[PDB]
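**Student:** Have a look at this one before I ask anything.
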Amino acid sequence: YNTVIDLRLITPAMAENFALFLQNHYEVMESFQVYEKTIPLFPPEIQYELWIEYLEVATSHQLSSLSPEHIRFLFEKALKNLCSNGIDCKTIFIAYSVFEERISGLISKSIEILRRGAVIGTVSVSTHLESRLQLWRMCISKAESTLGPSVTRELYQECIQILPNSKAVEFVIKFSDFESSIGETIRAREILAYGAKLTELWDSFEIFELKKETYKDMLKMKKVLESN
Amino acid sequence: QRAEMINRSXXXXXXXXXXXXXXXXX
Amino acid sequence: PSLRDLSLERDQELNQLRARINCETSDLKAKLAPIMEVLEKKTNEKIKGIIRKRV
Amino acid sequence: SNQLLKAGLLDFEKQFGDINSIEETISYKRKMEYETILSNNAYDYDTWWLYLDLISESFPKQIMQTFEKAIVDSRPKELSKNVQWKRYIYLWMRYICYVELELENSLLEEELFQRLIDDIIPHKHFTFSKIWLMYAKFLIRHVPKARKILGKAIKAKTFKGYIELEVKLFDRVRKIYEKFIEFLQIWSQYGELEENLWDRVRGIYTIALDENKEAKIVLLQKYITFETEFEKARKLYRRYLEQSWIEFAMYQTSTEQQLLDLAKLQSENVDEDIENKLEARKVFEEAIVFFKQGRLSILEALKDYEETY
Amino acid sequence: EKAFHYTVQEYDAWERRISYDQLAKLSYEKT
């Protein structure tokens, strides 16, 4: 196998075969050398299919003696070298979020790691926009469940700024619901006025009246917006 | 004079909505 | 993962040959807590010590 | 100064050689990256946490230095108990438990706790109960000094922690709770402790304090009367009329069947002299629950009809 | 999904798919 790497004859699947061979015989640390000796030889569209192997074996196989900073290095080396070549990455940014949450327990860090995965600067926000929506939704789910009012209001006040207006519709609703559940409904009503965006998610802002003259004024304001 | 002319160019529903909310709350 | 199960299925295909061959800060609280509880129990042990001296 | 050369060494060690070399080389590289992030922003406290966790394992000589750097550089430039303050305090708590469990030199503890009582800015704004309670509990391991620590701060969490510390240690907390009343359900815990240790005196205190939604807490006196069986329960039922028609049900409950009927009749007369039909219906239901009682229920129904007529 | 079976040799060639000095060099090579 080594004189088939030296001749540059390996294929990606044959490299993963070498890795699985060495892992099955409990020479696990040698397999990481095989992922390192082969990942530089293939273009970015193949590397992402070898990295998902290398990070999973490193982070989960029980014979890996990799210190918490060593795996935390791998996930940064992958995420820089893939994202600089515009590959979609949510299977790495989620795995990093899980690993960081599991080992350090610093949930704010893992939330930030997802946030980094939403705000990737390589390509325009309309590129890979299915994944880059899922990451935001995961991030804010963690934030609301675990961290509480502080970081939620700083994630929401970033997410709505950068996603395209046609995709922001569920975030304003969920944000206003969260703020209303906190209380002091004028703060919620700011976002409920912010719902004037385009497209029929504004009906949720009308249905949010459960949070009478003020309601009539709301009806008037929405009616004006209906012909803007 | 048509040019001169053309240049010049909810409470019940609220109560009904309140009634609907009350009916739903029961 | 993509390449792994290709490798696994090919590992099954090898057996043919193998045959033929024969709450804002809760996150930080949760991390400090196992040390804080040890200090708590050490404090209470010393409390019982000074109580045993007082009697 | 060639950082790319260091990267080249690291890439070599990844591809060849045993794991210990990679672990040390990675530790160096991650030390540099955490330093460059922290000098760029001191308020990513998560990065501070992982940096200290790296230093604690790979660079034992470097630990205390980085703790000092962390406490002095990462302080907020703000007030009002903002989020950055709430997270900044945990670094000091980490440092306290490091000097306690790992160094075992308590001059460091007393020094850092004094620096905390200086640098927290408790003097005019928000104050962190966590450090006062840590200091008070520390002084026991250091013990009579823990009285001045509480008095420096004395915000409900501080009172609650000190009272529990008294209870673990002891009787002086009752007066501390009396002073805590100056700051609205703690009287229940006070009563529970006093009745555990004096039930007559505790109940007298409760009665005097009641002699000024307060009734929701005053119901504990009824529990005290029930435990005392106890003639003072009658005064609680009478004072519960502050209207009497609602209190009539409890009056009938406290009143043997004929006595409850008499009490219900008296309360019905009071309601009539002031809804009296509802009192009559309540008396009828009371007779039904007690169940000549059925005939009395029928008579109450007829009188209820005559009252509504 | 046939991509996983090309060699590194077959992958480095697939990366591939003017001044007078360079045109002169190319002409010399071609001749």
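Ordering of the structure tokens sets the chain letters (A, B, ...); residue numbers start at 1 within each chain; ligands are numbered from 1 in the order shown.
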From a DSSP pass on the backbone, collect the residues of region 102-251 of chain D flagged as alpha helix (DSSP H) and hand them back as a ChimeraX atom specification.
**Tutor:** /D:106-119,129-141,146-153,156-168,173-180,186-196,199-209,215-218,220-228,233-239,244-251
**Student:** May I have a table of the residues of chain E lying at most 12 Å from chain A, giving each one's closest pair of atoms and their distance in Å to one decimal, counting only C-alpha atoms, ordered by chain and ascending residue number, as CSV?
**Tutor:**
```
residue,atom,partner,partner_atom,distance
E:1,CA,A:13,CA,10.1
E:2,CA,A:13,CA,10.0
E:3,CA,A:46,CA,8.0
E:4,CA,A:12,CA,5.0
E:5,CA,A:11,CA,5.1
E:6,CA,A:11,CA,5.4
E:7,CA,A:11,CA,4.5
E:8,CA,A:8,CA,5.3
E:9,CA,A:8,CA,6.2
E:10,CA,A:9,CA,8.6
E:11,CA,A:42,CA,7.0
E:12,CA,A:42,CA,8.0
E:13,CA,A:42,CA,11.4
E:14,CA,A:43,CA,10.1
E:15,CA,A:43,CA,8.8
```
**Student:** What are the residues of chain D lining chain A at 12 Å or less? Count only C-alpha atoms, and put the answer as a PyMOL selection string.
**Tutor:** chain D and resi 7+10-31+33-34+44-55+57-58+82-84+86-87
**Student:** Mind listing as a PyMOL selection string which residues of chain A are within 9 Å of chain B, counting only C-alpha atoms?
**Tutor:** chain A and resi 210+212-213+215-216+219-220
**Student:** So that I have them on file, write out the residues from the current selection with C-alpha atoms, as a compact mmCIF listing (two decimals), in the first residue's frame.
**Tutor:**
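So the final result, stored in out-v4.txt, reads:
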```txt
# COMPACT_ATOMS: atom_id res chain seq x y z
CA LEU A 210 -52.72 36.83 21.85
CA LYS A 212 -58.66 46.43 22.23
CA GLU A 213 -57.80 49.81 20.66
CA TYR A 215 -55.25 45.77 18.24
CA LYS A 216 -57.36 48.07 16.03
CA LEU A 219 -55.07 46.24 12.07
CA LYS A 220 -54.83 49.74 10.58
```
**Student:** Please, which residues of chain C lie no more than 10 Å from chain E when the count uses only C-alpha atoms, and can they be set out as a ChimeraX atom specification?
**Tutor:** /C:2-3,6
**Student:** Take the residues just selected and output them with N, CA and C atoms as a short mmCIF file (atom, residue, chain, number, x, y, z; two decimals), in the first residue's frame.
**Tutor:**
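As written to disk, selection08.cif reads:
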```cif
data_model
loop_
_atom_site.label_atom_id
_atom_site.label_comp_id
_atom_site.auth_asym_id
_atom_site.auth_seq_id
_atom_site.Cartn_x
_atom_site.Cartn_y
_atom_site.Cartn_z
N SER C 2 -19.22 8.65 3.12
CA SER C 2 -19.37 8.14 1.76
C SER C 2 -18.42 6.99 1.45
N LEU C 3 -17.12 7.20 1.66
CA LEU C 3 -16.13 6.20 1.26
C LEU C 3 -16.11 4.97 2.16
N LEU C 6 -18.34 1.92 1.14
CA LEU C 6 -17.69 1.32 -0.03
C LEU C 6 -16.56 0.41 0.42
#
```
**Student:** May I ask you to extract the residues of chain D within 12 Å of chain C, using only C-alpha atoms, and to give them as an MDAnalysis selection string?
**Tutor:** chainID D and resid 45:46 49 81:98 100:102 130 133:144 164:170
**Student:** Using only C-alpha atoms, determine which residues lie at most 9 Å from region 267-275 of chain D, disregarding the query and same-chain residues fewer than 5 positions distant; provide the list as a list in words.
**Tutor:**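 Non-adjacent residues within range: residues 243, 244, 245, 247, 248, 249, 251, 252, 262, 280 and 283 of chain D.
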**Student:** Those selected residues, please, written with N, CA, C and O atoms and delivered as a tab-separated table (two decimals), in the first residue's frame.
**Tutor:**
```
chain	number	residue	atom	x	y	z
D	243	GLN	N	-65.02	38.67	51.61
D	243	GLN	CA	-66.27	38.75	52.36
D	243	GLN	C	-66.49	37.46	53.15
D	243	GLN	O	-65.85	36.45	52.86
D	244	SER	N	-67.37	37.53	54.16
D	244	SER	CA	-67.60	36.38	55.04
D	244	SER	C	-68.26	35.20	54.34
D	244	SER	O	-68.18	34.08	54.86
D	245	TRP	N	-68.95	35.44	53.22
D	245	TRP	CA	-69.65	34.37	52.51
D	245	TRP	C	-68.68	33.34	51.95
D	245	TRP	O	-69.00	32.14	51.90
D	247	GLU	N	-65.68	32.76	53.36
D	247	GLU	CA	-65.10	32.14	54.54
D	247	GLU	C	-66.06	31.19	55.24
D	247	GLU	O	-65.62	30.46	56.15
D	248	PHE	N	-67.36	31.24	54.90
D	248	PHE	CA	-68.35	30.39	55.54
D	248	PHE	C	-68.09	28.91	55.34
D	248	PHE	O	-68.41	28.11	56.23
D	249	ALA	N	-67.54	28.53	54.18
D	249	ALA	CA	-67.24	27.13	53.92
D	249	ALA	C	-66.16	26.60	54.86
D	249	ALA	O	-66.29	25.51	55.42
D	251	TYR	N	-65.42	27.97	57.71
D	251	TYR	CA	-66.02	28.02	59.03
D	251	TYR	C	-66.81	26.76	59.34
D	251	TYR	O	-66.73	26.22	60.45
D	252	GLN	N	-67.60	26.29	58.36
D	252	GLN	CA	-68.34	25.05	58.53
D	252	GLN	C	-67.41	23.84	58.61
D	252	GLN	O	-67.72	22.87	59.30
D	262	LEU	N	-75.06	24.72	62.56
D	262	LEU	CA	-75.26	25.98	63.28
D	262	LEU	C	-74.33	27.07	62.76
D	262	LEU	O	-74.74	28.23	62.62
D	280	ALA	N	-76.82	29.51	51.30
D	280	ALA	CA	-77.80	28.47	51.59
D	280	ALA	C	-77.52	27.21	50.79
D	280	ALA	O	-77.67	26.09	51.30
D	283	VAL	N	-74.63	25.48	52.36
D	283	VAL	CA	-75.09	24.75	53.54
D	283	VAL	C	-75.79	23.45	53.15
D	283	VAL	O	-75.66	22.44	53.84
```
**Student:** Within 9 Å of region 80-97 of chain A, counting only C-alpha atoms, which residues qualify if same-chain residues fewer than 6 places away don't, as number ranges by chain?
**Tutor:** A: 44-45, 47-48, 51-52, 55-56, 59, 72, 107, 109-114, 116-118, 120-123, 127-128, 131-132, 134-135, 138
**Student:** Rounded to one decimal in Å, what is the spacing between CA of residue 287 (chain D) and CA of residue 263 (chain D)?
**Tutor:**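 Interatomic distance, CA of residue 287 (chain D) to CA of residue 263 (chain D): 12.0 Å.
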